[PDB]
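# Tertiary structure, described
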Number of protein chains: 6
Amino acid sequence: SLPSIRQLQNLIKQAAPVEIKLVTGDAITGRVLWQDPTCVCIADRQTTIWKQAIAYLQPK
Amino acid sequence: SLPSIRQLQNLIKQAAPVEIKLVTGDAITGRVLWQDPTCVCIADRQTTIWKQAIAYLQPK
Amino acid sequence: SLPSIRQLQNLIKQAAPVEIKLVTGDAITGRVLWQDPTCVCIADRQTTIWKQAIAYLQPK
Amino acid sequence: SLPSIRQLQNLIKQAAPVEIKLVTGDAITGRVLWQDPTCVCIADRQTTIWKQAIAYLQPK
Amino acid sequence: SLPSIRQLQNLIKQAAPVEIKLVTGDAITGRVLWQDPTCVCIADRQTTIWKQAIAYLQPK
Amino acid sequence: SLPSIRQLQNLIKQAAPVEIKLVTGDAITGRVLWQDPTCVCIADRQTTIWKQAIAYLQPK
């Protein structure tokens, strides 16, 4: 899974802001800190997300 | 998984348009740019979809 | 997983019509084209489904 | 998975009636005809359930 | 997975009452009979649950 | 999974407070007592969460 790990990598690398739409309706406005197999960390209060409640992600 | 990967592969090769219905209820209109084990990328603003929120896909 | 692969097999083999109830409320009225590990293809516009948004399926 | 498979096995062996509550909210009243790694089959019209939409099962 | 199997074990061992909140809104009031890889059995009519519709569990 | 396990590990080591947002919409306010491959345990009444209903976690 390169093209997906790599986006996050290049977006933790440049601090770049992001909306993560959780399957809840949770539009999470943050800057990505880190990721790992099961989760992502978002920086607003911090809010670690489970990559599994993830519908879709976009660069703002 | 050839029958599905060949559909995404022949649709990123055509830039053919597509709706992807998410499990939130999201209809994601756009053209497919890449796929991987976990994501699809549509282009209309770019939006990478976790393939795991996907209900269904239709060519338009 | 014989008794499930086999139903689809015998229903792609006879073109036989089918309602697939997605966990969304999406009653998909089609005729099944193919399947494979992760998805099903339904023929109405085509609509590939992720076997994972699948609640239940019935022969009409 | 013996405790669960023995319950479905002793219920298809009795044709005992059953409700299966789906994660859509569906109550599926019927008698169990087969099971497999992914499906259960109820008989009331037949409806094969993806075992993955199952909330819970009760003998009636 | 010790600390979770062990709770159920020690709660099937003492018959102890339990509310299991399914991801449906299904607060299941029971006493736990057994468990196994994929499901739990609850004793009210019995109601086998799929450990997968499970949000959270509490001793009453 | 070090980035996530080290966050739960450094939060059970501090008894630091926490909200865990479930995929039901539940906000679970409390302090973390243990974790395992499938569960987290919060303490406010105790409530073990199946980690699989987790949308996201925030330190407060």
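For the structure itself, consult the block above.
Below or above, wherever it landed, is the structure these notes cover. (Residues numbered from 1 in each chain as written, not as in the entry; some residues may be left out. Chains lettered and ligands numbered in written order. Heavy atoms only, no water.)

This brings us to the relation of the copies chain D and chain E. With an RMSD of 0.3 Å, the fit of chain D onto chain E corresponds to turning through 57 degrees and sliding 0.0 Å along the axis. Read as a symmetry element, the transformation amounts to a six-fold axis. Residue by residue, only 6% of the interface of chain D is reproduced at the interface of chain E, so the copies engage with different surfaces. (Least-squares fit on C-alpha atoms. Contact = heavy atoms within 4.5 Å.)

Tallying the contact residues gives 18 residues for chain F and 18 residues for chain A. Summing the contributions of chain F and of chain A, the shared interface buries around 1,500 Å²; its carbon and sulfur component is 52%. The largest share of the area that chain F buries against chain A comes from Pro3, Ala55 and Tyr56 of chain F, three residues that together contribute 28% of it. The tally of links between chain F and chain A comes to one salt bridge. Residue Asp26 of chain A pairs with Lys21 of chain F through a salt bridge whose shortest N-O separation is 3.7 Å. Taken together, the connections running from chain F to chain A amount to five residue pairs in polar contact. Of all the secondary-structure elements, those providing two or more residues to the side of chain F that touches chain A are α1 (2–12) and β5 (54–59) of chain F. (Buried area = accessible area lost by both parts, 1.4 Å probe. Salt bridge = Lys/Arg side-chain N within 4 Å of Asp/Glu carboxyl O. Polar contact = N/O pair within 3.5 Å; in protein donor to acceptor, adjacent residues only side chain to side chain. Helix = DSSP H or I, 4+ residues; strand = E, 2+ residues; numbered from the N terminus.)

What follows concerns the interface of chain D and chain E. In this complex, chain D contributes 18 residues to the contact, which on the side of chain E involves 18 residues. Together, the buried faces of chain D and chain E total about 1,500 Å²; carbon and sulfur atoms form 52% of this surface. Counting the surface chain D buries against chain E, the share from its top three residues, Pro3, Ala55 and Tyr56 of chain D, is 28%. Across the chain D-chain E interface, the total number found is five residue pairs in polar contact. Those elements giving two or more residues to the side of chain D that touches chain E turn out to be α1 (2–12) and β5 (54–59) of chain D. Looking at the side of chain D that touches chain E, its residues break down into nine nonpolar, five polar and four charged. (Nonpolar A, V, L, I, M, F, W, Y, C, P; charged D, E, K, R; others polar.)

All right, on to the relation of the copies chain F and chain A then. Here two copies of a chain appear, and what relates them is a rotation about an axis with a shift along it. Expressed as a screw transformation, the operator carrying chain F onto chain A has a rotation angle of 57 degrees and an axial translation of 0.0 Å, and the superposed copies differ by an RMSD of 0.3 Å. Little of the interface of chain F is mirrored in chain A, where only 6% of its interface residues again form contacts.

Right, let's get into α1 of chain F. Working note: α-helix, 3.6 residues per turn, so residues spaced by three or four point in the same direction. For α1 of chain F, the set of buried residues is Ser4, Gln7, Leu8 and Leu11 of chain F. Taken end-on, α1 of chain F shows its buried residues confined to a sector of 90 degrees, consistent with a single buried face. The inward-facing, buried residues of α1 of chain F contact β2 (27–35), β3 (39–43) and β4 (46–50) of chain A together with β1 (17–22), β2 (27–35) and β5 of chain F. (Buried < 20%, exposed > 50% of the residue type's maximum accessible area, 1.4 Å probe, protein only. Arc of directions from axis to C-beta.)

Turning our eyes to something else, we now look at the environment of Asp26 of chain F. Residues and elements named next belong to chain F. With respect to the element layout, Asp26 can be found in the loop between β1 and β2. The class for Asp26 is buried, based on a relative accessible area of 19%. Residues contacting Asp26, with those up to four places away along its chain left out, are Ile20 and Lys21. Among the polar contacts made by the side chain of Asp26, one reaches the side chain of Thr24 at a distance of 3.0 Å.

In this view chain B stays clear of chain E, with the nearest C-alpha atoms of the two still 15 Å from each other. The smallest C-alpha distance separating chain C from chain F is 15 Å, and no contact links them.

Residues and elements named next belong to chain B. Among the five residues that make up strand β3 (residues 39–43), four are buried, leaving the element largely enclosed by the rest of the structure. The pairing of strand β2 (residues 27–35) with β3 spans four bridges and is classified as antiparallel. Residue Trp34 lies in a different strand from β3, and its bridge partner there is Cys41. The antiparallel pairing of β2 with β3 creates a hairpin that spans three residues between the two strands. Of the strand pairs in this sheet, β3 and strand β4 (residues 46–50) are connected by five bridges, and their pairing is antiparallel. Counted as the bridge partner of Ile42 is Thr47 from β4. (Pairing = 2+ DSSP bridges.)

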